[PDB]
Amino acid sequence: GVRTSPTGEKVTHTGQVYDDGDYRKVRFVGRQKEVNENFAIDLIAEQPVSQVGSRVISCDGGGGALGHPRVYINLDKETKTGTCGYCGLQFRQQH
Amino acid sequence: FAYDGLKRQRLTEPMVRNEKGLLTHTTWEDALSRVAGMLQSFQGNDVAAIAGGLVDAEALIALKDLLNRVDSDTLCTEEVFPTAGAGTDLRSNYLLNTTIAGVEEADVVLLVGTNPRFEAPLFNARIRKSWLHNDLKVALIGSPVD
Amino acid sequence: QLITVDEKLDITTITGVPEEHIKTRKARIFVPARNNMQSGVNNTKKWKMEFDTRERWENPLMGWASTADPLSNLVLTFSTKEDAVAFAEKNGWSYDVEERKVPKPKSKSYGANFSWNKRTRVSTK
Amino acid sequence: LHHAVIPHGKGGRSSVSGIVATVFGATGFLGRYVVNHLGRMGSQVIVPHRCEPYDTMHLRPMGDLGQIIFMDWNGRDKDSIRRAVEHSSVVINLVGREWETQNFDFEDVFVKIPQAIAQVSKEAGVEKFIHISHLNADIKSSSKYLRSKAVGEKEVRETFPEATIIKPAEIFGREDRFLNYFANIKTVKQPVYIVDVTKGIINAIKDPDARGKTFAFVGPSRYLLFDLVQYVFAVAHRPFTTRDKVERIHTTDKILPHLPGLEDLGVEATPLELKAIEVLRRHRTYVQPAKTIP
Amino acid sequence: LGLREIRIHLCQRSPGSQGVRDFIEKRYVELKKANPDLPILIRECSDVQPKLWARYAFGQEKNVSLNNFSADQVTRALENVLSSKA
Amino acid sequence: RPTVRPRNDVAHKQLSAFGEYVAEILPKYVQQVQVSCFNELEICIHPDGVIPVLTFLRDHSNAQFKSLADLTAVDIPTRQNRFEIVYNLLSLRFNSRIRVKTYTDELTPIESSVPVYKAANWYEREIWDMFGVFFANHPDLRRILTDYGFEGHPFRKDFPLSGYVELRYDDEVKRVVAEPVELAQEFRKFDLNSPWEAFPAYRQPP
Amino acid sequence: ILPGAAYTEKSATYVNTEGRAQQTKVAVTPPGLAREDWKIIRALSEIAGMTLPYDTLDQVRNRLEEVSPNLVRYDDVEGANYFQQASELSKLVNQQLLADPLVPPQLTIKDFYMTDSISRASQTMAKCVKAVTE
Amino acid sequence: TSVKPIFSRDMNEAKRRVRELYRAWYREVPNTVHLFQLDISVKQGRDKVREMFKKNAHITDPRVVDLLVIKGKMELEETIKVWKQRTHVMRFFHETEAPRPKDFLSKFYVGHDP
């Protein structure tokens, strides 16, 4: 989600950008501001919600021992999804 | 939780009024010379000070000394305390003489015109502690607050 | 063979400390307060000596926290306040001593939770 | 003040002085001392250079990481000047050449280039401008170097009226072309030390009263050129070029009491007797001071 | 040019401040009756030597020791301060 | 038990017996003798006894600690005598090690042990350099590890980690200069101690 | 406007409702060009030609002891006496009570959160006010 | 309050060692300036020696005086034997340090330190 400020500088995923009167942007003159274009916040928002048939579901992040510590997610509330605190994947109880 | 207010609306530079009538940043030397010039042209009742709620004692005495050196005595605070009788002559006239810890030794507490819950929350906690563990009797004159 | 020296022990001139970091510093001698987040008391046993905090500013390049205070991280440990004070005095540091805070003994009774006629009766467990 | 240029620290290498300075002509004699003093206190220095990057290497250790920034520029390209100065709070012009070349005569280096920097700096909103001229700058001098200096000093004053103009006498130092010039071989001279000139420039940046003023930087004493040159040989143990360069050396250093000098900026002028050995030691093949005009 | 403020320092227990304590207990109310607009700041603090401070115009201050004084020696000392306009 | 270090009672008993042996022979100087749970014998002595105790351990036929493995100091600011001087000796004849410890302060000199072991010459120079303990009658006492003209004794607990001065090359004076230390990133002090006691066996009386 | 320090940015003395003197310690230094409050006044007095006679925090604390000695007895509650004399002077000049009932400025939790400049600037306190009033 | 001495039993003998050290430093300065090709004068060097000696004039403990003489003799040996380089000798003069402000007002303008 790389947006650019009125002065032409790209805004990073952490929201950083030098303002108009900031001398520090001189460092980029003749060079470039390194910005990662793959915003993890926009990428996780694309994954679909996983429909499951239990009140409790577990997430290890995928890949077994290559993922994150295994956590159990309660799905009792029906006004929102259960989100993994480690990887951001979402879950919802069916019916 | 109010510490985060220390990161907003902060005064970081000396300011003076320009010709357009607006506050604008200046240096310490410029700002203090402006104030020092005015302080040297006034005396007595022409100079006064008001101390706000969060002022430390080192600044209170420094300001009192400076205004006294122009023979000013109008060193005021925002909070009022009646000056009738002894006024601030005797410390016992304006102190919590029992002390916070002394509340645990009292057997009757009379509250007059105070909501201690929101004025001195930890003092109110002490009162409830005695209420709970000492069967303290509490009476209140004022609005019937929780 | 021994000699008599009746002078106050002062070693400021043989420690190599710059003068500014002797005369202008204020040592604080104290027992650290228990971290309220935890119940353990093992970090409240010894006396600590630390110095007054000084300016930290943002590094223009990275934003890191820069300092010019050489004693910004210096914390010393003592068995008693007397040892701490003795160390401070011979090194020329002006200091403040704060008396040790100890929790006062409490009177605990599980049975008071069920009082027949006192307010200590709990309404839930 | 923008929050990034509020001074912090104790005025050392990792401190923030709050100065953002573009120094034109930073790769010469005077440039290296000015950049050194700026970087000593944690200033952001922008160095536009015409030369190879190899010839700028001696400037890199002069500032903490990130504080010295290098840019390519061309004296005849206003776009390159704008790139260098538009982020700065002060522009310093040290461009010059003691001789003319096929591509740059004295009119190009002492009039056109200074005017271009002053104008572009003015447009870009730069608040401080320090321009070095010359004590003996004179529209009617016999030296074309000094004639061009006087013309350029006028053009800069009208283009950037708040500019600080500094007029030093001949500067001596390790890398000078004054004491070294004699060592490699009617008129009174008042030479000034290189470090005094630098300290004066730095104090002018920090002094608000310096804006719009013209200064003359001169040494504490005046010498007869013959007596001075005699002194140089004695110190070097040496037994006692262009035509334009000879004209300047034979120009008596002007006395200008109506201009402030190093004293008005807090700099104590350094006698030539305390520093000649430092410069002239390298000329010895392994002393009675010169008579001063009072 | 005259007087602006009086401050009296004393201990709560020490015998050296006994005369000062007696003076306050017996003479202060009448003294304050005669000088309603004069600040007489009484400030007790344990184990201090009793003292009398008079502040005059333009921040001029003097102090007179009251150590071991009697209730009368205190009375005269206040009397001297009130009469004098340093 | 696979993960626990096994004890050795035979060596513990032998070292305890020899510790008493030394204490009986040099009661003028020995203040304390202890054997750790991993069988290291420590003789704590009055500092006047450095030369006599070391000479006896080197030369006695029932000792023969011919090798000075190491000599160092420990700074403990809470003590009246802040500096603990440690000698680690090796006996090849009896295949044993022993540790002799004494103490001094910033102003009291310790007798140099170069007469007993020539190895001590540089070790004592390092102690003087790093802790500022003076050794009397040293053949050539002077700094050894720090830069020339270096002020202070870095290994003292109250000496700051990064020191007081730092070096850089200055072009104006054409040499390396020293200036007060400023750090672009301050060292970040960490509070790591758990507020819960780990080892009851070492609890101190309250 | 002269930018001063906050209680988190100075070692300064405050006396609580019991009369107990306590001091803060510097946790961070004041932002920007702000300065310690007593130092601003001490600097102003020098430029105005009426220099105050203290140059350090310890000296301005020796001044505090000259005015009221209990201000430098940190963590001590110095007892205050002579309630009898104060009561006598109280009875000297009667004044009338107003019929208005005693009503505290803060009647419910919403009035608690914002009461000074720091809390009035706090975004967290604003959320607390919004939560209880809505 | 009975202590083992270093070299001197009292201030009288300590002061004798101080004077001998000063004489050695005073006479060494001319050689140092020449050997290290320093750009200061002999007067400047001898003024620094006095300045270094004078800053310790307040010591009344013969043990502290003894250590100061020991360190001063070490510093002299490094210079005489040319273990120091030009940079080490010239560090006594701090010629790249800007003079730090002294009065209250100057210190008030630049920052928060005392």
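Going in written order, the chains are labelled A, B, C, D, E, F, G and H, and every chain counts its residues from 1.
The definition used in the following text is that contacts are C-beta pairs under 8 Å (C-beta built on N, C-alpha and C of every residue); 3 or more make two chains touch, one makes a residue touch a chain.
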item: Minimum number of chain-to-chain contact steps, subunit C to subunit G; value: 1
item: Least hop count linking subunit D to subunit H through chains in contact; value: 1
item: Separation of mean Cα positions, subunit H and subunit C [Å, integer]; value: 35
item: Subunit F-subunit G separation of Cα centroids, rounded to whole Å; value: 52
item: Distance between chain centroids, defined by C-alpha means - subunit D, subunit E (Å); value: 68
item: Centroid spacing, where centroids are CA-atom means, of subunit D and subunit F in whole angstrom; value: 58
item: Touching two or more other chains - residue numbers and ranges from subunit C; value: 9, 11, 14, 54-56, 59-61, 66, 68
item: Multi-partner residues of subunit G (each touching 2 or more other chains); value: 29, 32-33, 35, 42-43, 47, 57, 67, 70, 78-82, 85, 89, 92
item: Multi-chain contact sites of subunit D, meaning residues that touch two or more partners; value: 1, 3-4, 6, 8-10, 12, 14-15, 44, 64-66
item: Chains touching one another, given as label pairs in label order; value: A-D, B-C, B-D, B-E, B-G, B-H, C-D, C-F, C-G, C-H, D-F, D-G, D-H, E-G, F-H, G-H
item: Sites on subunit C touched by subunit D in the complex; value: 55, 57-61, 66, 68
item: Residues of subunit G that touch subunit B when the two form their complex; value: 1-4, 6-8, 10, 12-15, 17-19, 21, 24, 31-35, 37-38, 40-45, 47-50, 52, 54, 57, 60-61, 63-64, 67, 70-71, 77-83, 85-86, 89-90, 92-93, 95, 101-104, 106-107, 109, 111-112, 116-125, 128
item: Subunit H - residues contacting subunit F, complex; value: 3-4, 6, 61, 63-64, 67, 70, 74-75, 77-78, 83-88, 90-91, 95-97
item: Subunit D to subunit G touching residues, read off their complex; value: 1, 3, 6
item: Subunit B residues touching subunit G - in the complex, by the definition given at the top; value: 1-6, 8-16, 23, 28, 31-33, 35-36, 39-40, 52-59, 61-63, 65-66, 69-70, 84-86, 89-93, 95-97, 99-100, 112-115, 118-121, 123, 141-143, 145
